[PDB]
Protein chains: 4
Amino acid sequence: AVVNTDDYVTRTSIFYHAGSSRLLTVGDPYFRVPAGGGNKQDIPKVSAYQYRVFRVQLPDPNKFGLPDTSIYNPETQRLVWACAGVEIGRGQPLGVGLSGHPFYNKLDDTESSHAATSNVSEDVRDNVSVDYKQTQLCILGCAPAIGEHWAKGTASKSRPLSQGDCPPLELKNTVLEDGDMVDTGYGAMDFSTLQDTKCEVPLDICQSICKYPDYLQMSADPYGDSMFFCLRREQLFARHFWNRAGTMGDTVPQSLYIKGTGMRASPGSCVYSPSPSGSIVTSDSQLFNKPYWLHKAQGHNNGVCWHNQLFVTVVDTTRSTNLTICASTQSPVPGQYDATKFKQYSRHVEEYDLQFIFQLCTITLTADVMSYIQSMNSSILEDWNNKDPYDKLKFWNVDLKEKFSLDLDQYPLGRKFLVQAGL
Amino acid sequence: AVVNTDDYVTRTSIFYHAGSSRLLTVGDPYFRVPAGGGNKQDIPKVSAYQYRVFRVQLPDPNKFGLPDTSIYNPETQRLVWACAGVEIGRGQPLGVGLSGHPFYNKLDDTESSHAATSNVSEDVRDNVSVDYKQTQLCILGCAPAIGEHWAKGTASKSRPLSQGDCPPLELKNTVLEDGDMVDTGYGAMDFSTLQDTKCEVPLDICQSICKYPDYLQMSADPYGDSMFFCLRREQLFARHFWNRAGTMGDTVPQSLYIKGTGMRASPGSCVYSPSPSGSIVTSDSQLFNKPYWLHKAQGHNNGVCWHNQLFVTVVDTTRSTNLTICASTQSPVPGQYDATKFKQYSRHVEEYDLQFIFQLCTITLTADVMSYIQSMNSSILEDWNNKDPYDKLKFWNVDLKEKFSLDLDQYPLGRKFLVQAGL
Amino acid sequence: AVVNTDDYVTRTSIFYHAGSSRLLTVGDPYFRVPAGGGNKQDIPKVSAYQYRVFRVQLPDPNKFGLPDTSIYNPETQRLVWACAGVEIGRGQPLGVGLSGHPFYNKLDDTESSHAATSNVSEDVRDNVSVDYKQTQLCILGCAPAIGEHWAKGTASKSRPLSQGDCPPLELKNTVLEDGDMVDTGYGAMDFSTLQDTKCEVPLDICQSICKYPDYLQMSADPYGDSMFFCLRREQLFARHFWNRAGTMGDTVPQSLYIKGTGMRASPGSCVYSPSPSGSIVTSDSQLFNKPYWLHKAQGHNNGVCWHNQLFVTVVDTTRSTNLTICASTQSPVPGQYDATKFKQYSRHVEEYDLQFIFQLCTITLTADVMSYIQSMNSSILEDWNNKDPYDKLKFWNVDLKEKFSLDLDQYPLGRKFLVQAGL
Amino acid sequence: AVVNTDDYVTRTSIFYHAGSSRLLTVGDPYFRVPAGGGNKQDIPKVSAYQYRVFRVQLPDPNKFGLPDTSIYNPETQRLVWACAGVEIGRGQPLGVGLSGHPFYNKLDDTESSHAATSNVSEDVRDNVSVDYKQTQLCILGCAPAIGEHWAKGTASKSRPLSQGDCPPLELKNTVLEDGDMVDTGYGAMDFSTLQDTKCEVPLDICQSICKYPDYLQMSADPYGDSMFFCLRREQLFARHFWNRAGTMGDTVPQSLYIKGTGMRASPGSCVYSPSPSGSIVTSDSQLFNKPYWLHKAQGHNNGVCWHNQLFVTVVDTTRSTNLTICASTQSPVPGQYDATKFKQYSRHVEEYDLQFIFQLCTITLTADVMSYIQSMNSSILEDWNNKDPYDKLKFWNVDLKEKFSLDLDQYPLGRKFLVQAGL
């Protein structure tokens, strides 16, 4: 049996505030631009449609200088940091931005085509763009969060798969790392392994894997270190309705229609998919830039930051305006306009700021307490006397060991916290 | 340690009302028209998409005639104005207006073009207009507010930049001055220096700089003189999707598609940008014409107007109707219509009215108090016994020195203030 | 010093109800049809986009017969009616209607034209219609309400203005009379004097003045007789984006673009203006048909109806369905359809009903009281012992001298008033 | 003086529940199909846009069997039924459905026609449809509700009207009977007499009369029997904008425009009308399927059902899906598709269910009581000891005489009724 941390973790009345300076990043919104071809050094893929996963490093409160080192007895107890308040701050202005593909596989308009449409002869790909579904989410935990997505199932050795037949889908769980993409409205899947074409969705996801947090799985998590705070708000609508070019894998039953003559004798493409679009983006339904205080978590772990770590996963597509930058080829910049004589670039910016209020806690080490903590996560006891299990995954590392302060009064979130408290 | 003003600044029970008469201004909404053409004396650029910054000049409460000069002792103390209520009034009726450019760089409609598109030949710029993002914001402080935008980063000496290459962006902090443009939906940047074409965005920001208030930075500001009241509401959505004409700066990765034959053998314009548009503008979500009382500021300055100044920054696009004015060339105005024979003009108007309720305040000057005010901002002690740090910036000056009154009962916000106070 | 009427006006516990029968009016919605050409007597211009100013004549309470004439002493006091309850009842069903111009000066669609466009040769005017911005407002006072609008400023003698040049605008206050146009979405101005074309806006405002209540000025009014109850709610959005034909007044600066060759060598029309449209009209946001009780007015006059007058200003575009009526030229009405053989008419209807609850009040005339009422409005004392200052202006006159009743229980608003009262 | 029924009618603690089984009806949505042409017996016109007026027949509480007939004294007093709760249940799923006309008189698109339009030659009428305005209303009383609508005013003898001229409109009051049409967006008028064309509006109101509840008249009604419970919710917007073909009746003033040359020398159609459309229909705004309890009526009659009758008026366009039914001409249904070989039909269904809770009441007959009931409606006293005054009008007759039950516990509305009562 797993137990509420309030049972073995005593809270003190000591609170510190801690905050990243100003995280910022800019890059190409669609893909990375390999280093120095034009100008030195790689241009990262910075998209508004990708998870930002910050791994916040807290100072180990045991090897740390307390206001008073007579809060506990270093002989029978240890110290943990407990999260009590957060505010993901967000930088640029609200905005919208498109994503597109030079050869999007769009047969024709099946929304209300004037009449029939083109021949399914051969390359009828068109250049299209689309504003993706709108999403905002934010998760906190002392272990990275989990997402799910569909992938191409492992080919059975008993029944092999002839090339061209449709593979079986399998749901995969995986850790959400900084930089993975979100569901933009074409589902959470592995586009790179499930669509051979490379042209069924916009360039920024075309060869990527769109994951969606596996809320179900993380709620069930027995310990709940995965998420102890969860905020989500998404919305979207079908803007346009389209056909997919190609031969039909699954043949349309004959019992569902009546044959015609000519090109109407046999059914056309029946694989539809609409372009998504989130509608209005408004500051009414802004989820961030407000402080939220977590008083009692959902899971058994009540915001206790084991290992003095804390993961912050964020998705915010409400600020996705893509800057268009164009320079000319000629130096003097001729009084005569010539398209060719200008180079067009696209860049996306992202600006966060993280703020927190952490509460000092004590853990009294006794027989069963240690045996429990033993079962739960042996490494916990180990650091209190190395190889980290997250050393393979990408995260945006934010070190806050040199950032804790005791006068909450001097910081925004801190003053906010002091109000909410009474004094 | 910075301290709350409520520690060293005593509040009296004296309240004054004060108010600009009626500020008004009219002009061309897209650019200024200089001295000459048929009109003597220059016509200003008056658009809704520009910050209005008012520098409100308050009377020096020391050199002032009190209703009783026995509220303080002019030997040990000094007087300061604290702000306690505001109402920014707005004048014309709600409405909407367009911004266009004669030669917008719009390649083609990548939302759902009927089919393929025109040739990347050479001059395909079209005349387009767009209703910008809708924004309302308002900020008060006793120091001008700060804004942020992207600019062309300084060219390194170690590694110069071949012409044509895309430059590095750099976020710049800058004071918001009356007249700067706001984010209209194509992001906050310096379009004059980042887009060589001069045809990427509407005439009115085409050669300008769109700043957005740096809310993050201002909150973090230690003294909190930049803003001690903040109100914002923006909203927008993507109306149309378009390509940008020109050669692509960053080349589209080969692994992101499959080649075709002919014009489909190489990828088209991959730099997308949608025309923005704030949707319905309704009185329901109006932010102004309502009195708001500031009881406890967010930062450590609690609405103390040091130097008997106060800056009111404001953006409000909810009333951007542009009047169309046309005069004929002939005097009798012939009964035969002929386009050429009429001259079309475009004008915009803007009407504000500021009202405040100020509370008289005392500072007892003590050793530490002065050494504190000293460290905070020496000039404050100076004026109690010149060159102003803001004489280089543009502001709309509103002088209120001859407008303070004691009978609040005589004025709208005044009577409203009395209610809220109970009596 | 101006004073709250509560200080010199005592309230009784006597309440009367009063209501117009059922005001009603039908007419052509775009312009007046000169008397008797086809059929005897003028057809008035009845539109939903014109203000309706009702001048309600209440009985003189002094020369009136009270339930008990011992409520006051006619030797030291006088009687005034205080408003305490209103219900502007609206008749027809909610609906929408268009307004257009046979020759709207709409160059071309700068929203997203397929491409380039027609030639600025000559008369390209097309027949367009449009649903105006949606507005609902209601103002009570004992004086007509004030409107603002932009007019052609007076031509200076020192600096005359060459024909063709753009005149200067001047904001003009005026009284709002029954029948003036409201802002329909093209701004509040005098189209007849500012647009020589007579084809910039739809027929019904084409040659008229659109005014907008000058809320700013009325709140500032010292006595507050202009409006002591105010309800507004407007909303609208840009449906289409257009050019204006004509030659450009202000020349587009060269630094705002790059010249091209051919038609692209010289910028086209840069005078844009969108067709407005109020979106959905729903009963959810209906302002009227609901009783509103004024408990404490905004200004100093707390709904005291001096002169036993009360002006009711109302704009309501939520009900603007224009009936289409067509009669044939032939009597038998042939079984063969022929356009020319039918005449098409357009008629708009308007149905009001005003209800009120009034409270009898007494003013004890003493020295100062009289000298005050004297300064305020000398004519107040004169009627208590002629030429009316409003006899030039047009109002919808509603006589209610024969309509006050004491048994509020017998009328809708009355009963409602009784409920709110407790009993 | 009229008096609140609560003064002369005493309420018992007896309650009954009563409910129509399940009203149902199907038919052609646009017009009735005369009897047995193809298959025996008329196919009614059942549309979602017509009023359903249920005339609920109650049992006579006097000639009834009571649970105890010593509730009153049959010699001095009588029994009446008072309504105390209602629920109008609605059957099918929510949905939207069109109405059109094979020859709609729509000249051309005046919203934003690409350029100049077709020739006003002859017959340019087009097959259009339209989703009507969305309305929901409901009214209860113990007399039929009253509706208003515009009609062709009676032609004066003094000034006869030459054929072709526009007649005068008159507002007519009339009993809303089951089957009359509601305002669908083209106003409340008698289209059959005011539009000679027979093609200015959809087939289903084209030759009919659209009525709109006269809520003003009904409130004012002294006794209040017409409506003692009222619920409405409507909404709509203008989808498209159109011209009307025909010769203009009223000629457009010359001072409202400037002549052009050719086809622009003379104004075209200036009679505009938009096609209505109720926007989204959702279950959030649903009016019905909820119980509403009437605790105190608006008028003087407080739910008393004189004559043991009760009229339910209802309009609900939220469920207007019209089923499309097609059968083939051939028996086997060949596997080659041929349009002509199938017959298309259109059928609309409507499913209601009426539930009430009635309260038994007593009237003690005294002198004034009778004389009052005598003045109010003599016939009330008559039945307590024939020709009904509503024998000419159409209603949907719901006989509940055999449906009253004492154990509210056993029926839905009854259980809800108990809850609201406490026990």
# chains A, B, ... in the order shown; residues from 1 in each chain; ligands from 1

$ interface_residues --of "chain C" --to "chain D" --cutoff "6 Å" --atoms "only C-alpha atoms" --output "list in words"
residues 98, 102, 126, 128, 129, 198, 280, 281, 282, 283, 321, 325, 326, 327, 328, 329, 339, 340, 342, 343, 344 and 345 of chain C

$ write_last_selection --atoms "N, CA, C and O atoms" --output "mmCIF file, in the first residue's frame"
data_model
loop_
_atom_site.group_PDB
_atom_site.id
_atom_site.type_symbol
_atom_site.label_atom_id
_atom_site.label_comp_id
_atom_site.auth_asym_id
_atom_site.auth_seq_id
_atom_site.Cartn_x
_atom_site.Cartn_y
_atom_site.Cartn_z
ATOM 1 N N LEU C 98 -30.883 44.883 -44.521
ATOM 2 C CA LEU C 98 -29.877 45.593 -45.283
ATOM 3 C C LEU C 98 -30.109 47.059 -45.717
ATOM 4 O O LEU C 98 -31.189 47.547 -45.717
ATOM 5 N N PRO C 102 -27.212 51.975 -54.878
ATOM 6 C CA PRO C 102 -27.186 51.559 -56.284
ATOM 7 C C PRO C 102 -25.808 51.754 -56.892
ATOM 8 O O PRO C 102 -25.421 51.017 -57.823
ATOM 9 N N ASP C 126 -20.611 49.758 -58.031
ATOM 10 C CA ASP C 126 -21.517 48.619 -58.067
ATOM 11 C C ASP C 126 -22.635 48.710 -57.073
ATOM 12 O O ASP C 126 -22.499 49.509 -56.189
ATOM 13 N N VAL C 128 -24.312 47.682 -53.969
ATOM 14 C CA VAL C 128 -24.056 46.861 -52.765
ATOM 15 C C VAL C 128 -24.994 47.166 -51.639
ATOM 16 O O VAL C 128 -25.511 48.202 -51.560
ATOM 17 N N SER C 129 -25.197 46.229 -50.763
ATOM 18 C CA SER C 129 -25.992 46.420 -49.624
ATOM 19 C C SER C 129 -25.132 46.026 -48.447
ATOM 20 O O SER C 129 -23.980 45.573 -48.582
ATOM 21 N N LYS C 198 -21.546 61.114 -52.790
ATOM 22 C CA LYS C 198 -22.889 60.752 -52.532
ATOM 23 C C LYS C 198 -22.987 59.259 -52.812
ATOM 24 O O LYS C 198 -24.059 58.781 -52.984
ATOM 25 N N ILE C 280 -24.631 38.111 -34.896
ATOM 26 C CA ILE C 280 -25.884 37.534 -34.515
ATOM 27 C C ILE C 280 -26.613 38.482 -33.698
ATOM 28 O O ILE C 280 -25.997 39.164 -32.990
ATOM 29 N N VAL C 281 -27.934 38.522 -33.795
ATOM 30 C CA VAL C 281 -28.797 39.289 -32.876
ATOM 31 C C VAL C 281 -29.596 38.241 -32.144
ATOM 32 O O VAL C 281 -30.254 37.425 -32.708
ATOM 33 N N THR C 282 -29.470 38.265 -30.856
ATOM 34 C CA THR C 282 -30.117 37.269 -30.048
ATOM 35 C C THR C 282 -30.883 37.887 -28.846
ATOM 36 O O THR C 282 -30.609 39.019 -28.418
ATOM 37 N N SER C 283 -31.881 37.188 -28.336
ATOM 38 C CA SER C 283 -32.614 37.789 -27.295
ATOM 39 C C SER C 283 -31.822 37.697 -26.033
ATOM 40 O O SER C 283 -32.194 38.266 -25.003
ATOM 41 N N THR C 321 -36.090 44.361 -39.433
ATOM 42 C CA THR C 321 -36.454 43.549 -40.697
ATOM 43 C C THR C 321 -37.267 44.425 -41.586
ATOM 44 O O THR C 321 -38.191 45.069 -41.080
ATOM 45 N N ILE C 325 -42.652 44.624 -50.138
ATOM 46 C CA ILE C 325 -44.022 44.579 -50.617
ATOM 47 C C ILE C 325 -44.023 44.797 -52.081
ATOM 48 O O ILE C 325 -43.403 45.776 -52.574
ATOM 49 N N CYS C 326 -44.688 43.879 -52.791
ATOM 50 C CA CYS C 326 -44.834 44.048 -54.241
ATOM 51 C C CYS C 326 -46.247 43.757 -54.767
ATOM 52 O O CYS C 326 -46.855 42.745 -54.407
ATOM 53 N N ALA C 327 -46.680 44.696 -55.636
ATOM 54 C CA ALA C 327 -47.961 44.715 -56.283
ATOM 55 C C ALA C 327 -47.739 44.640 -57.769
ATOM 56 O O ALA C 327 -46.758 45.146 -58.254
ATOM 57 N N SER C 328 -48.666 44.000 -58.483
ATOM 58 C CA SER C 328 -48.559 43.937 -59.908
ATOM 59 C C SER C 328 -49.219 45.146 -60.584
ATOM 60 O O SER C 328 -49.975 45.867 -60.015
ATOM 61 N N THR C 329 -48.852 45.344 -61.832
ATOM 62 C CA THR C 329 -49.311 46.422 -62.670
ATOM 63 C C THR C 329 -50.594 45.968 -63.317
ATOM 64 O O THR C 329 -51.460 46.775 -63.557
ATOM 65 N N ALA C 339 -41.106 40.150 -64.589
ATOM 66 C CA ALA C 339 -40.499 41.122 -63.645
ATOM 67 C C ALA C 339 -41.112 42.513 -63.713
ATOM 68 O O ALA C 339 -41.659 43.020 -62.734
ATOM 69 N N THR C 340 -41.049 43.120 -64.889
ATOM 70 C CA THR C 340 -41.521 44.488 -65.102
ATOM 71 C C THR C 340 -42.962 44.743 -64.710
ATOM 72 O O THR C 340 -43.338 45.813 -64.269
ATOM 73 N N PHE C 342 -44.383 43.912 -62.014
ATOM 74 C CA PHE C 342 -44.591 43.984 -60.564
ATOM 75 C C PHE C 342 -43.844 45.189 -60.041
ATOM 76 O O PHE C 342 -42.757 45.430 -60.558
ATOM 77 N N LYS C 343 -44.388 45.982 -59.088
ATOM 78 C CA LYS C 343 -43.601 47.116 -58.460
ATOM 79 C C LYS C 343 -43.115 46.724 -57.077
ATOM 80 O O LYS C 343 -43.879 46.294 -56.255
ATOM 81 N N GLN C 344 -41.837 46.907 -56.777
ATOM 82 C CA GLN C 344 -41.287 46.478 -55.496
ATOM 83 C C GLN C 344 -41.129 47.646 -54.506
ATOM 84 O O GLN C 344 -40.458 48.620 -54.787
ATOM 85 N N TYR C 345 -41.730 47.543 -53.334
ATOM 86 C CA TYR C 345 -41.616 48.538 -52.340
ATOM 87 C C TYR C 345 -40.873 48.008 -51.101
ATOM 88 O O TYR C 345 -40.738 46.837 -50.846
#

$ residues_around --residues "residue 50 (chain C)" --least-positions-apart "6" --cutoff "8 Å" --atoms "only C-alpha atoms" --output "PyMOL selection string"
chain C and resi 178-182+315

$ residues_around --residues "residue 384 (chain B)" --least-positions-apart "4" --cutoff "10 Å" --atoms "only C-alpha atoms" --output "NGL selection string"
:B and (60 or 62-63 or 78-79 or 307 or 379-380)

$ write_last_selection --atoms "C-alpha atoms" --output "mmCIF file, in the first residue's frame"
data_model
loop_
_atom_site.group_PDB
_atom_site.id
_atom_site.type_symbol
_atom_site.label_atom_id
_atom_site.label_comp_id
_atom_site.auth_asym_id
_atom_site.auth_seq_id
_atom_site.Cartn_x
_atom_site.Cartn_y
_atom_site.Cartn_z
ATOM 1 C CA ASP B 60 3.862 69.996 -6.420
ATOM 2 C CA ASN B 62 4.730 71.086 -1.217
ATOM 3 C CA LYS B 63 4.673 74.449 -3.013
ATOM 4 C CA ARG B 78 7.420 66.159 2.766
ATOM 5 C CA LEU B 79 4.379 65.707 0.598
ATOM 6 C CA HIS B 307 8.114 63.867 -8.935
ATOM 7 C CA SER B 379 16.545 63.132 -7.791
ATOM 8 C CA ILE B 380 13.492 62.747 -5.547
#

$ select_by_dssp --residues "region 201-278 of chain B" --states "helix (DSSP H, G or I)" --output "ChimeraX atom specification"
/B:203-206,215-220,254-256,262-264

$ select_by_dssp --residues "region 119-333 of chain B" --states "strand (DSSP E or B)" --output "ChimeraX atom specification"
/B:126-131,134-141,146-152,169-175,181-182,189-190,195,209-213,229-236,240-243,247-248,272-275,281-282,292,304-305,311-316,319,323-328

$ residues_around --residues "region 22-27 of chain A" --least-positions-apart "5" --cutoff "8 Å" --atoms "only C-alpha atoms" --output "number ranges by chain"
A: 32, 43-47, 347-354

$ write_last_selection --atoms "C-alpha atoms" --output "CSV table (one decimal), in the first residue's frame"
chain,number,residue,atom,x,y,z
A,32,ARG,CA,16.5,22.8,-38.1
A,43,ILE,CA,19.4,27.1,-36.1
A,44,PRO,CA,17.3,25.1,-33.9
A,45,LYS,CA,13.7,24.0,-34.5
A,46,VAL,CA,11.7,26.3,-32.4
A,47,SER,CA,8.0,25.7,-32.8
A,347,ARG,CA,11.8,32.5,-37.4
A,348,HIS,CA,9.9,31.7,-34.2
A,349,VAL,CA,10.5,33.0,-30.8
A,350,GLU,CA,9.6,31.5,-27.4
A,351,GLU,CA,9.9,33.4,-24.0
A,352,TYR,CA,9.2,31.7,-20.6
A,353,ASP,CA,9.9,32.6,-17.1
A,354,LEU,CA,9.3,30.1,-14.2

$ atom_distance --atom1 "CA of residue 192 (chain A)" --atom2 "CA of residue 151 (chain A)"
9.4 Å

$ residues_around --residues "region 14-18 of chain A" --least-positions-apart "5" --cutoff "12 Å" --atoms "only C-alpha atoms" --output "VMD selection string"
chain A and resid 56 to 59 61 66 to 69 71 79 to 87 353 to 362 398 to 418 421

$ atom_distance --atom1 "CA of residue 293 (chain B)" --atom2 "CA of residue 5 (chain B)"
17.6 Å

$ closest_residue --among "A:92, A:12, A:207, A:70" --to "residue 320 (chain A)" --atoms "only C-alpha atoms"
A:92

$ decode --residues "region 403-417 of chain A" --atoms "N, CA and C atoms" --output "PDB file, in the first residue's frame"
ATOM      1  N   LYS A 403      19.280  30.283  -6.528  1.00  0.00           N
ATOM      2  CA  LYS A 403      18.191  31.230  -6.773  1.00  0.00           C
ATOM      3  C   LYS A 403      17.171  31.255  -5.703  1.00  0.00           C
ATOM      4  N   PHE A 404      17.379  30.482  -4.633  1.00  0.00           N
ATOM      5  CA  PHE A 404      16.349  30.508  -3.606  1.00  0.00           C
ATOM      6  C   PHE A 404      16.537  31.718  -2.655  1.00  0.00           C
ATOM      7  N   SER A 405      15.427  32.282  -2.183  1.00  0.00           N
ATOM      8  CA  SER A 405      15.511  33.437  -1.358  1.00  0.00           C
ATOM      9  C   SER A 405      14.414  33.338  -0.349  1.00  0.00           C
ATOM     10  N   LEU A 406      14.718  33.832   0.802  1.00  0.00           N
ATOM     11  CA  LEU A 406      13.776  33.769   1.880  1.00  0.00           C
ATOM     12  C   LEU A 406      12.837  34.924   2.051  1.00  0.00           C
ATOM     13  N   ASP A 407      13.121  36.065   1.484  1.00  0.00           N
ATOM     14  CA  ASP A 407      12.164  37.192   1.592  1.00  0.00           C
ATOM     15  C   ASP A 407      11.273  37.145   0.351  1.00  0.00           C
ATOM     16  N   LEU A 408      10.134  36.507   0.544  1.00  0.00           N
ATOM     17  CA  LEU A 408       9.193  36.360  -0.471  1.00  0.00           C
ATOM     18  C   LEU A 408       8.739  37.737  -0.926  1.00  0.00           C
ATOM     19  N   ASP A 409       8.672  38.628   0.042  1.00  0.00           N
ATOM     20  CA  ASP A 409       8.298  40.006  -0.166  1.00  0.00           C
ATOM     21  C   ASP A 409       8.983  40.693  -1.376  1.00  0.00           C
ATOM     22  N   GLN A 410      10.214  40.323  -1.649  1.00  0.00           N
ATOM     23  CA  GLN A 410      10.968  40.930  -2.775  1.00  0.00           C
ATOM     24  C   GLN A 410      10.641  40.466  -4.199  1.00  0.00           C
ATOM     25  N   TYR A 411       9.766  39.451  -4.331  1.00  0.00           N
ATOM     26  CA  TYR A 411       9.435  38.850  -5.622  1.00  0.00           C
ATOM     27  C   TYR A 411       7.916  38.855  -5.858  1.00  0.00           C
ATOM     28  N   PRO A 412       7.474  39.042  -7.106  1.00  0.00           N
ATOM     29  CA  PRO A 412       6.081  39.032  -7.466  1.00  0.00           C
ATOM     30  C   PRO A 412       5.329  37.830  -6.899  1.00  0.00           C
ATOM     31  N   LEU A 413       5.650  36.624  -7.388  1.00  0.00           N
ATOM     32  CA  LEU A 413       4.975  35.456  -6.915  1.00  0.00           C
ATOM     33  C   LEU A 413       4.969  35.431  -5.427  1.00  0.00           C
ATOM     34  N   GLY A 414       6.064  35.835  -4.847  1.00  0.00           N
ATOM     35  CA  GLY A 414       6.178  35.910  -3.402  1.00  0.00           C
ATOM     36  C   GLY A 414       5.219  36.823  -2.692  1.00  0.00           C
ATOM     37  N   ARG A 415       4.969  37.984  -3.260  1.00  0.00           N
ATOM     38  CA  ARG A 415       4.052  38.910  -2.643  1.00  0.00           C
ATOM     39  C   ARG A 415       2.690  38.330  -2.782  1.00  0.00           C
ATOM     40  N   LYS A 416       2.388  37.866  -4.008  1.00  0.00           N
ATOM     41  CA  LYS A 416       1.116  37.092  -4.280  1.00  0.00           C
ATOM     42  C   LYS A 416       0.890  35.990  -3.280  1.00  0.00           C
ATOM     43  N   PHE A 417       1.961  35.278  -2.936  1.00  0.00           N
ATOM     44  CA  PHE A 417       1.847  34.213  -1.983  1.00  0.00           C
ATOM     45  C   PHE A 417       1.576  34.642  -0.567  1.00  0.00           C
TER      46      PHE A 417
END
